[PDB]
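Notes follow the structure.
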Protein chains: 2
Amino acid sequence: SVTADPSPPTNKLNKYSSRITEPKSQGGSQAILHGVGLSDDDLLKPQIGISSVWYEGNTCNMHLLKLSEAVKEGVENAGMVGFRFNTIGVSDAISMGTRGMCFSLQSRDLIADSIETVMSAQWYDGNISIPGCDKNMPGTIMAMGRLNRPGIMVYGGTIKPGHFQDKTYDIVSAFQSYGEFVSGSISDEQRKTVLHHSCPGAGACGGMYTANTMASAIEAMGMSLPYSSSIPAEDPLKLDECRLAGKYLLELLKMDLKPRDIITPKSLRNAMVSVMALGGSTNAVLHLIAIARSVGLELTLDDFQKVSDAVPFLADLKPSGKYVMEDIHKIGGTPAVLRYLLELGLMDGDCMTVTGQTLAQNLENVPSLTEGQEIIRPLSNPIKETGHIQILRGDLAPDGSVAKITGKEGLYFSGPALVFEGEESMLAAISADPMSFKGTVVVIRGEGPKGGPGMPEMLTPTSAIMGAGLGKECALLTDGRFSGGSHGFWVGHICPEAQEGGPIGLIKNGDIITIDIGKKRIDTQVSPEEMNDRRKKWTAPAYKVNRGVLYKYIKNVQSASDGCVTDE
Amino acid sequence: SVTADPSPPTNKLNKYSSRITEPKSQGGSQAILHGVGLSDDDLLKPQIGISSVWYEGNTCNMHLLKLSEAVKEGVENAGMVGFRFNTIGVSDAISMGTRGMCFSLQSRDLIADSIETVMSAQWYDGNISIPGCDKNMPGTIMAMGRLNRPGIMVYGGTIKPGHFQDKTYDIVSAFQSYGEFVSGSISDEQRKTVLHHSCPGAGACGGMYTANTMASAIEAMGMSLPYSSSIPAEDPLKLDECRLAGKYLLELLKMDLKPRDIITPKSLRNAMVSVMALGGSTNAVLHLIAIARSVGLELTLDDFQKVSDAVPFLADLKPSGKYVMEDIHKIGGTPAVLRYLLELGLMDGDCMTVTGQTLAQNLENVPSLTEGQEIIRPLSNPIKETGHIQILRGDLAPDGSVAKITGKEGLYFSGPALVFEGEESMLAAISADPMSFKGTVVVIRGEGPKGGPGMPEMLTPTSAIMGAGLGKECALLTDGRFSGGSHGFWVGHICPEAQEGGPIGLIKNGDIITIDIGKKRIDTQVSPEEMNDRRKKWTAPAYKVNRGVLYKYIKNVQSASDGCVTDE
Ligand code: FES
Ligand code: FES
Ligand SMILES: [Mg+2]
Ligand SMILES: [Mg+2]
């Protein structure tokens, strides 16, 4: 029983805004509303909060004001009042590699707080959110779940791949350019050319990374309109979707079809099914748990393992494959993918969606995957018989951990631990003495929600390992997160994190660590009694901040196995 | 020693953005920056985060996107790169009277978190903030203090008074209209006419309420440019100020004149001096404490009492007087007011400001208060010999409380307590049985930062008291806040709040409460031993929420005497 936001004061379409538009005792409210341009007749209409995440310093978000204007126009075209407002967001592509990354994950929870705040204070009847980026998307859904007022999330759209001189690039090309330069693979001028053509325009990062994972998952959950996740950012049809969201939201107000009517155990499973089938990001574990909690439901790591075991990986999409979200768009979009998964019996078609109809009804007449397409494998010949996402426990991750397992890595890794108290000291060690890493289980700890602080996503450690030729010769463990595609036994989200005294914070250099994918365990040769000896002598490190938004995060955040929720 | 945000990697103007624009290892960052439109030459420039609080559902904020575009143009005209982003805010005029008010105060702290987040993640060198409303203003300064990067706050400007048929209105006219209708003073049609003409356009609420108090105080603190606080929202000179902020910020980057160089004990006192001289809001106590903490300084309730005792109330401004901020603008603006206070020896002129010069240097050549003006009283004939703001302690507010004391109320009030566990039950009681309030000390408790939750500002209780003719016949105590002008012994901010087991939560109906302004005490006839007896049997009420942004507020917020900071 979630208690968060104001209740409305049955067939009324302005259930909330009537609190301030109708009583004479709210004459001050009505005076403001006339001052912002509402007529007496406008005061009778539903009021839609239109929350975008526009900002100019990221390609994923710089276009969203234009989208928000189209959403407002369509809300007015549907007989409603549209009130635009706008939250913050941050760019992982900009902050990756820097301590700015400590601020990224928590911006999800701040976006949720932001939209909840405005919708509650202004008494809006419904919400249309326009995220464009990584964390923006689940933050908007969490606010929707807390408020439980009719809402639709309009994905801003993925960016198109960059093209120059018969070469094709994305943000990962730009990430990888430094290492290829240092290795001698490319010249400084080729490096510079990659940076000028990797990000050609607006839109979220282009492969099946976190943004496309979550947009697809949220469409599969029924909380975006069909095709929202797969229409590209700069596409004319994205603007048309914006101009239609008001029509759809009107119908949701008439039926009073709310987020907790749409986000259910079965539609959460539908979202998880799309993550497994498409090879989506391990970050979806954090965000789908957070979304489930926001509507008062439960979702555990073991629920992810069960769906992973039930759903084959079918999609030849970056990072693990070759294609990108624009290629999905060209062969029928996300609805064509979900139609195939539904036909295979992998999804529950009875779930209500923001179209006002069920998932099966949305998908009944959509064009199917284009004949001859090579992106989505048939069930008979999947890329992997089960999903990439694997939950591991064992001695060193007793409360869980998350890995992306392709099947190319083998079933076991065993090696002496090489332990670093953060990303910076690992990178200096691999720079000075790369051969000391050969055969080791590398542990980068102190990078969890409280220890980091902020659970930063880390990319430099793994590109340093790949560039040293050590990809098949070591394993990587962290209480933080690893960015992009895996190329080995790379395990993140290890719980309890080191800052909390979890076993990962008790590992010492030379401890033999064995990762067993089949048993789903990360174990240590150190005896349980010696581990307990170390725990008795362990003292928590001082927090790295004492003020500001990150210290509030330290005070509030739950574990990664609990989705790093902050409001419980 | 504040530890919150990233440090820069001496004469460089791009101290922070060089972290991502210069190293080859940040090629991903640079690819994004080219995609958003930066040239190779642009990468060399400082990057300014331009944070507005635009949203369409409030007159105070609906214009701020236009202002933000002018700020960006001036940043580019100054040889810098401008990156706009935008936070949330909420409208007290809309939410007043409703549980939406529970979300208002905390939006200050969420704005602070929001701007801190973006500036840290994106590595911006400086900040220009464009608030328009109540809580927006101190939230932007708190972010500035945490980051300690050069910053300027551009006030959006006050709204102009409304005019219709030789009558003049503001938001308070609209608030008061319901009660005048119920009393028979005005007809329904006159009531409706007030609502259509009370708020004529963009801008913050027009008298010396919280917005104008804090804009004036922040200008007096040196963190806005001269006249920022007094130029009206729709004025051409406000746009010109926006287009100049970049020139001024460039110079701050050259001198590296930072917020903790500008916000000092002496400039905090300067801000407090302006609050006392102008009759500013008791809310300035919360916000100036929060601003002081954000730069690692201390500011106590007793510091406010000392300044109040030292500074006469001089300004004939609403709520207590007749004039409004536009009238100040017409007689020389905030700089003319501060020039007079400086000439009187009430302020410290050596404080550095965002002009790159001292306060005395800014004021040396500004036009003085217009000859003949009747708004600012001479020191010889003040409206009150000391400031309105009074700190009270005593048995029932051992950790402090705040009142606005005009001098019209007498020095003492004594009466039996009439106790309500929230605003709703008080209002029902005064509706049913108004005479039962005559002679009482009314206690509205459970309205503090944790109890409310959110320390709501309350207006309906006091207009109900005025409308029942009880203004001179009772006193009002709360652990929350009272809105607008006082018309009696109306004390808010009582600490500890009732939810925390403070004495206010132990008062029983009939307890004789005596308010003594001269002794600065709110005392009870109940013996200390009986109070302690009650405390031993007291149990905290359940919190009113268990999820969402308000439950996080309950988890994080300090007392009103500590400025309701949330990050400590
Ligand atoms: S930084 Fe926005 S999705 Fe990658
Ligand atoms: S609601 Fe914005 S200052 Fe009054
Ligand atoms: Mg990312
Ligand atoms: Mg207010």
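Numbering of ligands and ligand atoms starts at 1, following listing order. Atoms considered below: every heavy atom in the structure, side chains included; atoms not considered: hydrogens, waters and symmetry mates. Sequence lines set the chain letters: A, B, ... in the order given, protein chains first and strands last, and positions in each chain run from 1.
- Atom 3 (S) of ligand 2 has its closest protein heavy atom at B:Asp134 OD1, 3.2 Å.
- Angle SG(B:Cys133) to atom 2 (Fe) of ligand 2 to SG(B:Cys60): 110° [nearest 10 degrees].
- Looking at A:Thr117 and B:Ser107, their side chains never bring a donor and an acceptor atom within 3.5 Å of each other.
- Checked by atom type, the side-chain pair A:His287/A:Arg108 shows a donor-acceptor distance below 3.5 Å.
- The Mg ion (ligand 4) has no N, O or S atom of B:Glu457 under 2.8 Å away, backbone or side chain.
- Side chains of A:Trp123 and B:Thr98: a donor on one and an acceptor on the other come within 3.5 Å.
- Regarding atom 4 (Fe) of ligand 2, its nearest protein heavy-atom neighbour is B:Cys205 SG, 2.3 Å.
- Between the side chains of B:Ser173 and B:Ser198, no donor-acceptor pair of N or O atoms lies under 3.5 Å.
- Atoms of ligand 1 found under 4.0 Å from any heavy atom of A:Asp92 (numbered from 1 in listed order, with element): 1 (S).
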May I have the step-by-step check of side chain to side chain donor-acceptor pair (under 3.5 Å) for B:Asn136 and B:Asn61, ending in yes or no? CA-CA 10 Å; B:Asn136 310 171; B:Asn61 300 86; 3.0 Å; yes
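- For ligand 1, the atoms closer than 4.0 angstrom to any heavy atom of A:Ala211 are 3 (S).
- With respect to A:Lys135 and A:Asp92, a salt bridge is recorded, a charged nitrogen being found less than 4.0 Å from a carboxylate O.
- Taking the N/O/S atoms of B:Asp134 in turn, the shortest distance to the Mg ion (ligand 4) belongs to OD2.
- Only the side chain of B:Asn58 comes within contact range of ligand 2, with a heavy atom under 4.0 Å; no backbone atom does.
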